[PDB]
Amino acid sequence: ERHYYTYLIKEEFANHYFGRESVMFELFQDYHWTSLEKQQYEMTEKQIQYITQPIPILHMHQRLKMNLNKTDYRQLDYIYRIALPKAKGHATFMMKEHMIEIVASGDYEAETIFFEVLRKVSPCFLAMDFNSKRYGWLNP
């Protein structure tokens, strides 16, 4: 099972941390996981808010519904859930505020369906799995 936290990074910070994306991964991992003193956590949260963009919810909804048409999917407001053809896998997409969360199982096609919509919306999505230490840009 894969679990990605995906943020839309501002251009200025993407550029600044080009070739140093591990530092952004560590910032995000500190917010989601690391046991930080309350004040360190609050600074980290403020920083994350600053360097990221709000998810364009209505734009995402439109693009998702077009791409998933006649796929095994359902929508529950900001949650999309899909099952791949021929029983090959499953994935959940959740969008809220500045964060997208994806959970996937089976073939890597499962998350790829969502990543393909995202990468056509912007080159600036950074997807990170804090369980497996897999992270990177969704490259168009």
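In case it trips you up, residue 1 is the first one in the sequence shown, and so on.
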Query raised in the report: Per the PDB record, is the mean Cα temperature factor higher over 53-61 or over 37-45?
Result: 37-45
Report summary line: Mean Cα B-factor check, 98-106 vs 69-77, entry values; winner is 69-77
**Report entry** Ranked against its chain, the third holding the CA B-factor of residue 125
**Finding:** lowest
Requested in this report: Could you tell me which third, lowest, middle or highest, the C-alpha B-factor of residue 18 occupies within its chain?
Outcome: highest
Report task. Using the B-factors in the PDB entry, rank residue 27's C-alpha atom against the chain and give the third, lowest, middle or highest. Result -> middle
